[PDB]
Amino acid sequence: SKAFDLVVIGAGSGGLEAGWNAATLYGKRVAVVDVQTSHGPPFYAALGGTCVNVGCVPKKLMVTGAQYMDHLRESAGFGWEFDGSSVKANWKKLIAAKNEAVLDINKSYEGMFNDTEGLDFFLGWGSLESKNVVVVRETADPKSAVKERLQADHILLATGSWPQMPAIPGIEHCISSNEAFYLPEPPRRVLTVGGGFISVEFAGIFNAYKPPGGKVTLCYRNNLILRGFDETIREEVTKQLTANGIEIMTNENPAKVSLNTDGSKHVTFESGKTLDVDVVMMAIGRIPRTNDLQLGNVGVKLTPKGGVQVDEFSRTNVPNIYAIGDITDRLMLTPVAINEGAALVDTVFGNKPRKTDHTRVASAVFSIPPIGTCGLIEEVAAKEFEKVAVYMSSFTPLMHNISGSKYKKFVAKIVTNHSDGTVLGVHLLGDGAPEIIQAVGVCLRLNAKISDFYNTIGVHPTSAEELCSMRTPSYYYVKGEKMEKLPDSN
């Protein structure tokens, strides 16, 4: 029956940021609930969230590992000699090293709870019993035994999202990214299903660690993966993945998966094509985890798509009840959940209300090679603006003149409103893209124009200087129509 200013359900990026800020910035008394104290099966997420446990952090460590496939090969062009027949990619070591670093992070979030006054952690399954009462139970089952009942002036829902699995016969023989982080052996043959972040990122991880003779296949339901990203870059990353041995199967989708007696899976596509692989990893979206919160108990409204409905300020239709992060289905990124939670605490317990700006958010795909993007792609720009200019550069980076990776083109594109030169979006493909694009995120907060980029003096030699070397559009959109040249003087 313990009372708190704030009760947070979900010890993830959004929930921890809100919880820590309320206790430390504002002197509030804070309870935070989550289902597990460190990573891995059975509940996968845990203290620190999807980011720490089965998301940004282990994914980034494992893509970093996969990049060495390239490094070891490209080294030879710079006079490095070693016994190439002795190279092996040890997946068990990768996974163990990742486990240990993730476990360190979990214990350091445990450390934070223990060392911070008015910030308490409760292990279990939180749901809403009423307006001001969060119940903590033993399991996801609402009929399981009660562990605690926390009362709450304010309740924050930050339970994140969960892999979506299509309802096909045999889906129980497939995995999601959760299980991918713990496979005991790397698959010899693997199908990644989906053309978005997770499928592309993991396709590159499995590509580097595959045993001899192995093959990664990614399949996508439509023509061209990475819908929503810059189109030249969709095409170019498709090519660069293909050049590193990944087969991109377009216009295909599994209809049925069968278990072979030897443990492999027999996939039938809606087309009637079939393929045998060791692992089928489903990466077709993540959905809000609303189901276990018993939201009917208090009437918190959901969106048609299943997200907790919130206003600009993260408020539900129930006063004193809030939702942030992936549970809201708005932008599913760690940094945004964070900014959301920090803005919610500042609003509830602070001076002035704050809302998170979901426009011009810079983000990245840690594919090999990686993507960095901030702002509008050109087909979206072309519907909002009469005149759009596109500046485009695509070049072999300096080192890939001699590394042997001739296929590794860097792509830089800037999209403007051509009527005033205002930059609307920047899109980058190639090593460094995630790092380069960060400060570009800042430039878009400052009403940057194309001439603000081209009049800035280059840093040489970098890939990034190409962003500041583009003066003349490559093509335009006028009234929605793509054209090499402007028709008229206006």
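Start at 1 with the first residue shown and count on from there. We call the rigid core whatever largest set of C-alpha positions still superposes within 1.5 Å between the two forms.
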After superposing on the rigid core, the stretch whose C-alphas lie farther from this form in 9 other deposited structures of this protein, comparing 391-399 with 334-342, is 391-399
Is the larger C-alpha RMS shift in 9 other deposited structures of this protein, relative to this form with the rigid core superposed, found in 382-390 or in 241-249?
382-390
Mean Cα B factor from the PDB record: higher for 285-293, or higher for 205-213?
285-293
Per the entry, where is the mean C-alpha temperature factor higher: 295-303 or 335-343?
295-303
C-alpha B-factor winner, where the candidates are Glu74, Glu236, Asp104, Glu384
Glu384
Report the option among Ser367, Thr242, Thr139, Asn417 whose CA atom has the maximum B-factor in the deposited record.
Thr139
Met112's Cα B-factor: lowest, middle or highest third of the chain?
highest
Assigned third (lowest, middle, highest) for the C-alpha B factor of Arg189:
lowest
Going by what the PDB entry lists, where does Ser176 fall on CA B-factor within its chain: lowest, middle or highest third?
lowest
Would you please rank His427 by its C-alpha temperature factor against the other modelled residues of its chain and give the third it falls in: lowest, middle or highest?
lowest
Would you mind ranking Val30 by its C-alpha B-factor against the rest of the chain and naming the third, lowest, middle or highest?
highest
